[PDB]
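J.: I have a structure I would like to understand better, so I am pasting it below and will then ask my questions one at a time.
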Amino acid sequence: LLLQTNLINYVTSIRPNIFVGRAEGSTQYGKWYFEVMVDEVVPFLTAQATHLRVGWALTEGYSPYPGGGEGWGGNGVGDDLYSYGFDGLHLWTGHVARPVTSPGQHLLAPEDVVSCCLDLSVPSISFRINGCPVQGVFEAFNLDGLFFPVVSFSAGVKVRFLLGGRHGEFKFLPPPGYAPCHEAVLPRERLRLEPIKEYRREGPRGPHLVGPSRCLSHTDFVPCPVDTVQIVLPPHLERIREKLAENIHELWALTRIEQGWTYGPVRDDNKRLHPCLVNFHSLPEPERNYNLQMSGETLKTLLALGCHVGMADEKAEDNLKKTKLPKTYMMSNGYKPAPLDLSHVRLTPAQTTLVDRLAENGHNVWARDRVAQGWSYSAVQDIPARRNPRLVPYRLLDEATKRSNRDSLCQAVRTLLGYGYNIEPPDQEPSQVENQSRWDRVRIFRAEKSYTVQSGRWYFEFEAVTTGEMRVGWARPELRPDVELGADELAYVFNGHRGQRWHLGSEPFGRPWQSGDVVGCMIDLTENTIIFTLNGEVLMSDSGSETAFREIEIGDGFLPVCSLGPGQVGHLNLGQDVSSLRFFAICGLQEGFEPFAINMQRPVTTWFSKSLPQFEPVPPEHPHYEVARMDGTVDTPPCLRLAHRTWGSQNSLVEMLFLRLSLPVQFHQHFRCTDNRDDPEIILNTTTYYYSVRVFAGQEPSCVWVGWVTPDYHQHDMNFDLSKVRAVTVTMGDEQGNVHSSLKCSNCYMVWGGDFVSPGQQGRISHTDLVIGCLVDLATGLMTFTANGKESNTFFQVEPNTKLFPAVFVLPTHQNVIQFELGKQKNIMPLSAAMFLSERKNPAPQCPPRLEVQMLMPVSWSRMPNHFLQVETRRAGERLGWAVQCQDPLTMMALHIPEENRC
Amino acid sequence: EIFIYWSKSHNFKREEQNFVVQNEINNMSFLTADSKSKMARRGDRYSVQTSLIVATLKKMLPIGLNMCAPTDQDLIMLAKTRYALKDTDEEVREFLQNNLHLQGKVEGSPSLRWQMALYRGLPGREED
Amino acid sequence: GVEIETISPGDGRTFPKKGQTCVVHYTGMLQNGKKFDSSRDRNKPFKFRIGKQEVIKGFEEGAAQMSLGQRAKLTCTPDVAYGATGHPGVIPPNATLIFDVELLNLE
């Protein structure tokens, strides 16, 4: 009942920037291997045991925000279902520890070898301590997203990363088929060690608030070109089928003539004297007509892209000539330019972009073909192992290779342009790579509510390290965390990505900044004005007004605020030290303005919008949703009916909805060994509890899921189905196979309501409401379901000490959607006799006021801790590897809510 | 002092707008020339807000505010109210001579401590 | 009724015999994971005299089976613990205990 307190250590994580994953047609190899060396580990630096875990994490939900979180805080690897870790004695996943047999098992001590083997083809992560096997493997886990190495630690550890090749030694023999993780580095980026998703980093003159980080995706490793098969070849193209081939038959050969690679009559191409500028008739016929139909293939790519040709001016054939240069002179059958010669011809930017994507569609077809012959990517080239450093999609390729591909086809399109045939750009379609996660885009920052100001004149600065979508201004204290600034009336903000002022809409004002600019923000609560000054110069509106906003009502008061888009870095300076301000003396000092934090000892507390979904109660004032509590009559059990308020009207919010009850049910610590009148001697001894939901008519059962969720569910998916449900299997055996334990871990246990309706011809709007029931046995951890009073083949078994919140995910399609019925079955107790200790012997259903429906709010406010851990990330040497060092201890006082298992 | 004379001579004000209306002095370009160069109805005919005498006075005001010390703010208030009670420049000068000791004290307000710590850090400040 | 699992082995040779007091840094926990007692929080060793039973049976026997410098985990059944009456206001009745005992020194 009462909220518990404790002192806990701050726990952080560190990763190499190595990202691997599995996808259909992915250019990445499905097995990888990395090692961790333990230098020094202080046993008990503070009152709590020192934390250290090593494992793999998933890029789309492993978000280790410092401070509070799941369970008793200090979350790291294995504390959720997006990570899997090992500590020397336990296999961590979903904030549960499971013991593992090991050859001389113990916690991670100094001079220990941790080798984590990852296989993605079959789901499996294997651990090896000191080169010796560890009898436990994670299995049957979801593959969406990218898997990366990670070590989570508390203060007072020194751990080294061994990545093989020049980035380690591995000190042992990796198992066959597992490549060193250092071979997965993308060609555009180098290897370095950086923390997981963050919101602050140290800077020269102060901490930098860091917006969301752009994350690479597995879908970005599949090369998806435009198909160049179903294209009938046009007459105007077959008319020019020859010259565009003749000009690309030795164009790659032209560069190296009169050098060490100068041709000779005895040999031919690929013999270190390649050119053979004579003609392609001397060259072999198959590659010859292959080059012709490759020129045709490039024209077919032009067609599929949307390029068409038209002839206007003088024929270039007349006004073109071949130049027998002093260079490229050869003795074999006369001398000529190796491709077909061309005079002065130019190219417009439309042609530049078009040849860029033309080279893209050449590269992605080549990469697709290589993958279809089995090849994959590796930063070091291995021909007998069939791996290449250039098997990545063009967007991920390096600039050197980009330019090298673009040069040849740029010459080709130039030769096409010379003949006067138009290169027609296609239509323009604006597209967004990622659309679903609109919330993982911004990250609002603001001062704590106690610093609310209602009088005087205040000033603060905001250096713009980057030049992207960042907004800075002032906000009222009740500012919502999930709504962009200015889009509502709760904030007055200036967007200097393109020079706009936002308050209930956008209108142009001032000018956009560049790097290094210090957007100083005034405020005048007496004159009711807000003034934005850039580099000491007042930003001026497109009229006579010099103040961005005027006649602003005092109200509750105002707080300095700023938000940052993806890949943005901004320095916020409230001015705790007055001399640190760079433009206060220039502007503001003589006007009577003051810094916002002129006389304060401690740094101003900052609250940011955490992008972690949490269950929160349904507001009574909510516009679209309402929850009605129905009294339990003599023949009807008490209910929690959900009804859509604005359904069927204009501006109705119809989207994915996640619900749960406010109180959980906990299974027994120890599992057991090995009419309609209830039996009095069974109803008192039963350990089975039932609840049902009545999905009203007009709500499609294809969009309804019913069951239970554990208190660590944090998935906000707009396209939810049973596929997205996180799961993992923990497999345990002895030293030589003999698997004697295979358990299931998941944060979601629900059935899909679309599978309990008979597939009728039409009329999915059933006149009879579907009554999905759920049953639990607290003595066994077994879960069952009843579709309409008949059992279903689905069944779930869970470990003890488990907490399950009754949950329903639904997409509304009617005025009345669902109705939580808190009834009972024959010889089976209701839920109300399970959630309350004092009600354990009462068969009569109840709906006490603590029991209520809660939604899943995607974004919630949070607090930035005043001090962060000090981690050193550096490369110790070529053999030692990368060394991570954290020594100074930090402790925070955690308030843990018992029934929600979060602190 | 040019602004002082313009404020005193309301006759000079009358031909200020007369010159504006009869020469089509827009006054918007004279203040937005920097705005247009940096790539950023109601009172278009004439307005006090767009008067170039006050616009230049405002744009030069921070320099004039840089003259005095922060402890002189009481002296500014005393001189201001004596100006409001119809006194000439000599009168307020010798009034300040009678009230030379009425300056502010840094111990009495924490604001003045950081004000002096910033104001007297200027290289051009001479303590005598 | 008491089960001991090693966490970080010490010497494995010098076992706590009768006549020498035992010095420990325990860390008690309930079964569900709710920490209820610790010695590092008070920041002092817990020197308990083995033989005259100043502690419960489970803790006594578990500390007996340990070695010098060894860090171990226990599992105290209610039979060898406070039992049906529990510890009033601290431990609920019929609760299985877990201890993160470190036997840092003898006497």
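Ligands are numbered from 1 in the order shown, chains are lettered A, B, ... in the order of the structure tokens, and residues start at 1 in each chain.
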Hey, what's within 8 Å of residue 420 of chain A if we count only C-alpha atoms and toss same-chain stuff fewer than 5 positions away? As a PDB file with C-alpha atoms, in the first residue's frame, please?
T.:
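Here's the written file result_21.pdb:
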```
ATOM      1  CA  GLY A 310      12.817  14.714 -77.804  1.00  0.00           C
ATOM      2  CA  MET A 311      14.909  16.026 -80.704  1.00  0.00           C
ATOM      3  CA  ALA A 312      15.072  19.746 -81.485  1.00  0.00           C
ATOM      4  CA  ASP A 313      18.414  21.174 -82.553  1.00  0.00           C
ATOM      5  CA  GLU A 314      21.253  20.378 -85.021  1.00  0.00           C
ATOM      6  CA  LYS A 315      22.382  16.743 -85.148  1.00  0.00           C
ATOM      7  CA  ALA A 316      25.528  16.413 -82.997  1.00  0.00           C
TER       8      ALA A 316
END
```
J.: Produce a table with one row for each residue of chain B that has an atom at most 10 Å from any atom of chain A, each row naming the nearest atom pair and its distance in Å at one decimal; use only C-alpha atoms; arrange rows by chain and rising residue number; format as JSON lines.
T.:
```
{"residue": "B:27", "atom": "CA", "partner": "A:544", "partner_atom": "CA", "distance": 9.4}
{"residue": "B:28", "atom": "CA", "partner": "A:544", "partner_atom": "CA", "distance": 6.8}
{"residue": "B:29", "atom": "CA", "partner": "A:544", "partner_atom": "CA", "distance": 9.9}
{"residue": "B:31", "atom": "CA", "partner": "A:544", "partner_atom": "CA", "distance": 8.4}
{"residue": "B:32", "atom": "CA", "partner": "A:540", "partner_atom": "CA", "distance": 8.2}
{"residue": "B:34", "atom": "CA", "partner": "A:540", "partner_atom": "CA", "distance": 9.7}
{"residue": "B:35", "atom": "CA", "partner": "A:540", "partner_atom": "CA", "distance": 7.0}
{"residue": "B:36", "atom": "CA", "partner": "A:542", "partner_atom": "CA", "distance": 9.7}
{"residue": "B:38", "atom": "CA", "partner": "A:511", "partner_atom": "CA", "distance": 8.0}
{"residue": "B:39", "atom": "CA", "partner": "A:511", "partner_atom": "CA", "distance": 7.0}
{"residue": "B:40", "atom": "CA", "partner": "A:511", "partner_atom": "CA", "distance": 4.3}
{"residue": "B:43", "atom": "CA", "partner": "A:544", "partner_atom": "CA", "distance": 9.6}
{"residue": "B:44", "atom": "CA", "partner": "A:544", "partner_atom": "CA", "distance": 9.5}
{"residue": "B:49", "atom": "CA", "partner": "A:544", "partner_atom": "CA", "distance": 8.3}
{"residue": "B:50", "atom": "CA", "partner": "A:544", "partner_atom": "CA", "distance": 7.6}
{"residue": "B:61", "atom": "CA", "partner": "A:590", "partner_atom": "CA", "distance": 8.9}
{"residue": "B:62", "atom": "CA", "partner": "A:590", "partner_atom": "CA", "distance": 5.9}
{"residue": "B:63", "atom": "CA", "partner": "A:590", "partner_atom": "CA", "distance": 8.5}
{"residue": "B:64", "atom": "CA", "partner": "A:590", "partner_atom": "CA", "distance": 9.2}
{"residue": "B:65", "atom": "CA", "partner": "A:590", "partner_atom": "CA", "distance": 5.9}
{"residue": "B:66", "atom": "CA", "partner": "A:590", "partner_atom": "CA", "distance": 6.8}
{"residue": "B:70", "atom": "CA", "partner": "A:590", "partner_atom": "CA", "distance": 9.7}
{"residue": "B:110", "atom": "CA", "partner": "A:599", "partner_atom": "CA", "distance": 8.4}
{"residue": "B:111", "atom": "CA", "partner": "A:599", "partner_atom": "CA", "distance": 8.5}
{"residue": "B:114", "atom": "CA", "partner": "A:578", "partner_atom": "CA", "distance": 7.6}
{"residue": "B:115", "atom": "CA", "partner": "A:589", "partner_atom": "CA", "distance": 8.8}
{"residue": "B:117", "atom": "CA", "partner": "A:579", "partner_atom": "CA", "distance": 8.7}
{"residue": "B:118", "atom": "CA", "partner": "A:579", "partner_atom": "CA", "distance": 7.0}
{"residue": "B:119", "atom": "CA", "partner": "A:585", "partner_atom": "CA", "distance": 8.8}
{"residue": "B:121", "atom": "CA", "partner": "A:579", "partner_atom": "CA", "distance": 9.6}
{"residue": "B:122", "atom": "CA", "partner": "A:585", "partner_atom": "CA", "distance": 10.0}
```
J.: Can I get the selected residues back with N, CA, C and O atoms, as a compact mmCIF listing (two decimals), in the first residue's frame?
T.:
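The resulting again.txt:
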```
# COMPACT_ATOMS: atom_id res chain seq x y z
N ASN B 27 9.06 55.78 -44.31
CA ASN B 27 9.70 55.50 -43.01
C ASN B 27 9.84 54.02 -42.68
O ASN B 27 10.49 53.66 -41.69
N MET B 28 9.26 53.14 -43.50
CA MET B 28 9.38 51.71 -43.28
C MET B 28 10.70 51.17 -43.83
O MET B 28 11.34 50.33 -43.19
N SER B 29 11.12 51.66 -45.00
CA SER B 29 12.38 51.22 -45.59
C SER B 29 13.57 51.70 -44.78
O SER B 29 14.58 51.00 -44.71
N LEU B 31 13.94 51.82 -41.66
CA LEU B 31 14.16 50.92 -40.54
C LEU B 31 14.29 49.46 -40.94
O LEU B 31 14.92 48.69 -40.21
N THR B 32 13.72 49.07 -42.08
CA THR B 32 13.82 47.70 -42.59
C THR B 32 14.87 47.51 -43.67
O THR B 32 14.85 46.47 -44.34
N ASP B 34 18.11 47.16 -43.13
CA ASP B 34 18.86 46.04 -42.58
C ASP B 34 18.08 44.73 -42.69
O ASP B 34 18.67 43.68 -43.00
N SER B 35 16.76 44.78 -42.46
CA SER B 35 15.95 43.56 -42.52
C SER B 35 15.93 42.99 -43.92
O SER B 35 16.03 41.77 -44.11
N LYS B 36 15.78 43.85 -44.93
CA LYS B 36 15.79 43.39 -46.31
C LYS B 36 17.19 42.93 -46.71
O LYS B 36 17.34 41.98 -47.48
N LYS B 38 19.36 41.48 -44.87
CA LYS B 38 19.74 40.24 -44.19
C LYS B 38 18.89 39.05 -44.60
O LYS B 38 19.06 37.97 -44.04
N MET B 39 17.98 39.23 -45.58
CA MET B 39 17.11 38.20 -46.14
C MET B 39 16.24 37.54 -45.05
O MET B 39 16.34 36.34 -44.78
N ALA B 40 15.40 38.36 -44.44
CA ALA B 40 14.49 37.89 -43.40
C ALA B 40 13.21 37.32 -44.00
O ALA B 40 13.11 37.12 -45.21
N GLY B 43 -1.20 53.12 -40.11
CA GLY B 43 -0.43 54.33 -39.91
C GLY B 43 0.67 54.53 -40.93
O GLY B 43 1.74 55.06 -40.60
N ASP B 44 0.44 54.07 -42.16
CA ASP B 44 1.42 54.20 -43.23
C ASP B 44 1.67 55.67 -43.58
O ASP B 44 2.80 56.06 -43.88
N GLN B 49 5.27 56.26 -34.04
CA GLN B 49 6.12 55.07 -33.93
C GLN B 49 7.15 54.98 -35.05
O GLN B 49 8.25 54.45 -34.84
N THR B 50 6.84 55.49 -36.24
CA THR B 50 7.77 55.47 -37.36
C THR B 50 8.48 56.80 -37.57
O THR B 50 9.12 56.98 -38.61
N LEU B 61 19.60 55.06 -27.65
CA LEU B 61 19.37 55.02 -26.20
C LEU B 61 20.27 54.08 -25.39
O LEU B 61 20.63 54.47 -24.27
N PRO B 62 20.58 52.82 -25.80
CA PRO B 62 21.47 51.99 -24.97
C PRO B 62 22.84 52.61 -24.69
O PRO B 62 23.39 52.42 -23.60
N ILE B 63 23.38 53.36 -25.66
CA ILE B 63 24.64 54.06 -25.46
C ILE B 63 24.50 55.08 -24.34
O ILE B 63 25.39 55.23 -23.50
N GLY B 64 23.40 55.84 -24.35
CA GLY B 64 23.17 56.81 -23.30
C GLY B 64 22.92 56.15 -21.96
O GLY B 64 23.30 56.69 -20.92
N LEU B 65 22.27 54.99 -21.96
CA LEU B 65 22.08 54.25 -20.72
C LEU B 65 23.40 53.69 -20.18
O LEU B 65 23.51 53.41 -18.99
N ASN B 66 24.40 53.54 -21.05
CA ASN B 66 25.71 53.06 -20.65
C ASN B 66 26.53 54.12 -19.90
O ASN B 66 27.58 53.79 -19.36
N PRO B 70 25.03 51.89 -11.99
CA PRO B 70 23.77 51.35 -11.46
C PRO B 70 23.25 52.05 -10.21
O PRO B 70 22.03 52.13 -10.03
N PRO B 110 20.86 42.98 -3.56
CA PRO B 110 21.73 41.99 -4.22
C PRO B 110 21.86 42.18 -5.73
O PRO B 110 22.81 41.65 -6.32
N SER B 111 20.90 42.87 -6.36
CA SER B 111 20.94 43.10 -7.80
C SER B 111 22.16 43.94 -8.18
O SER B 111 22.83 43.66 -9.19
N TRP B 114 25.77 42.05 -8.73
CA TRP B 114 26.09 41.52 -10.04
C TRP B 114 26.10 42.62 -11.09
O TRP B 114 26.81 42.49 -12.09
N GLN B 115 25.36 43.72 -10.84
CA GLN B 115 25.39 44.82 -11.79
C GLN B 115 26.77 45.46 -11.80
O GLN B 115 27.30 45.75 -12.87
N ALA B 117 29.56 44.08 -10.71
CA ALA B 117 30.46 43.03 -11.18
C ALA B 117 30.48 42.89 -12.71
O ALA B 117 31.47 42.43 -13.27
N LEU B 118 29.40 43.27 -13.39
CA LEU B 118 29.42 43.31 -14.85
C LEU B 118 29.76 44.68 -15.43
O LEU B 118 30.50 44.77 -16.41
N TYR B 119 29.22 45.75 -14.83
CA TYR B 119 29.40 47.12 -15.30
C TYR B 119 30.84 47.60 -15.17
O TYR B 119 31.36 48.25 -16.08
N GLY B 121 33.48 45.71 -15.03
CA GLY B 121 34.43 44.87 -15.72
C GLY B 121 34.78 45.34 -17.11
O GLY B 121 35.63 44.74 -17.76
N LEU B 122 34.12 46.40 -17.58
CA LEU B 122 34.38 46.95 -18.90
C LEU B 122 35.78 47.56 -18.95
O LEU B 122 36.21 48.20 -17.98
```
J.: Excluding segment 86-90 of chain C and residues on its chain fewer than 2 positions from it, collect all residues at most 12 Å away from it, counting only C-alpha atoms, and give them as number ranges by chain.
T.: C: 28-30, 34-37, 56, 77-84, 92-97
J.: Write the residues of the selection above to a file with C-alpha atoms, as a CSV table (one decimal), in the first residue's frame.
T.:
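The new file again02.csv reads:
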```csv
chain,number,residue,atom,x,y,z
C,28,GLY,CA,18.3,-9.4,3.6
C,29,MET,CA,15.5,-9.5,1.0
C,30,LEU,CA,12.0,-10.8,1.0
C,34,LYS,CA,11.5,-6.2,-1.6
C,35,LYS,CA,14.7,-5.4,0.4
C,36,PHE,CA,14.0,-5.2,4.1
C,37,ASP,CA,17.4,-5.2,5.8
C,56,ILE,CA,17.8,-17.4,13.3
C,77,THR,CA,12.5,-21.5,4.8
C,78,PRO,CA,10.0,-20.2,7.4
C,79,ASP,CA,10.7,-23.4,9.4
C,80,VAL,CA,14.2,-22.2,10.1
C,81,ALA,CA,13.1,-18.5,10.1
C,82,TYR,CA,10.7,-16.4,12.2
C,83,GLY,CA,7.8,-18.6,11.0
C,84,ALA,CA,4.2,-18.4,11.8
C,92,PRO,CA,5.0,-10.9,7.3
C,93,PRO,CA,4.2,-14.3,8.7
C,94,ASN,CA,5.3,-17.4,6.8
C,95,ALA,CA,7.9,-15.8,4.5
C,96,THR,CA,10.9,-17.2,2.8
C,97,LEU,CA,14.0,-15.1,3.2
```
J.: For a quick test of understanding: name the residues of chain A lying within 10 Å of chain C when counting only C-alpha atoms, and present them as number ranges by chain.
T.: A: 4, 6-7, 43-44, 46-49, 71-72, 88-89, 104-109, 669, 800-802, 898
J.: Set the distance at 8 Å and use only C-alpha atoms: which residues neighbour residue 63 of chain C once local chain neighbours fewer than 4 positions away are removed? I'd like the list as a CSV table (one decimal) with C-alpha atoms, in the first residue's frame.
T.:
```csv
chain,number,residue,atom,x,y,z
C,16,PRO,CA,33.9,-20.8,10.8
C,59,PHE,CA,21.1,-17.6,8.9
C,101,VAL,CA,25.8,-12.7,2.9
C,103,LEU,CA,31.7,-13.3,5.2
```
J.: Taking the DSSP secondary structure from the backbone, can you list the residues of segment 377-541 of chain A that are strand (DSSP E or B), as a ChimeraX atom specification?
T.: /A:377,382,387-388,443-447,453,457-464,470-475,491-495,500-502,506-508,517-521,524,529-530,532-534,537-538
J.: Where in segment 7-128 of chain B does DSSP assign alpha helix (DSSP H), given as an NGL selection string?
T.: :B and (7-8 or 10-23 or 29-37 or 52-65 or 73-84 or 89-98 or 110-119)
J.: Please provide the set of residues having any atom within 8 Å of segment 426-437 of chain A, restricted to only C-alpha atoms, with same-chain residues fewer than 5 positions apart removed, written as a PDB file with C-alpha atoms, in the first residue's frame.
T.:
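To be explicit, this is the file written out as around11.pdb:
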```
ATOM      1  CA  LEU A 305      12.289   6.480 -63.733  1.00  0.00           C
ATOM      2  CA  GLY A 306      10.287   8.712 -66.071  1.00  0.00           C
ATOM      3  CA  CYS A 307      12.756  10.041 -68.652  1.00  0.00           C
ATOM      4  CA  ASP A 717       2.250   0.603 -32.029  1.00  0.00           C
ATOM      5  CA  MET A 718      -0.352   2.157 -34.320  1.00  0.00           C
TER       6      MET A 718
END
```
J.: Measure the distance from atom CA of residue 76 of chain C to atom CA of residue 99 of chain C in Å and round it to one decimal.
T.: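 About the pair atom CA of residue 76 of chain C and atom CA of residue 99 of chain C: they are 8.2 Å apart.
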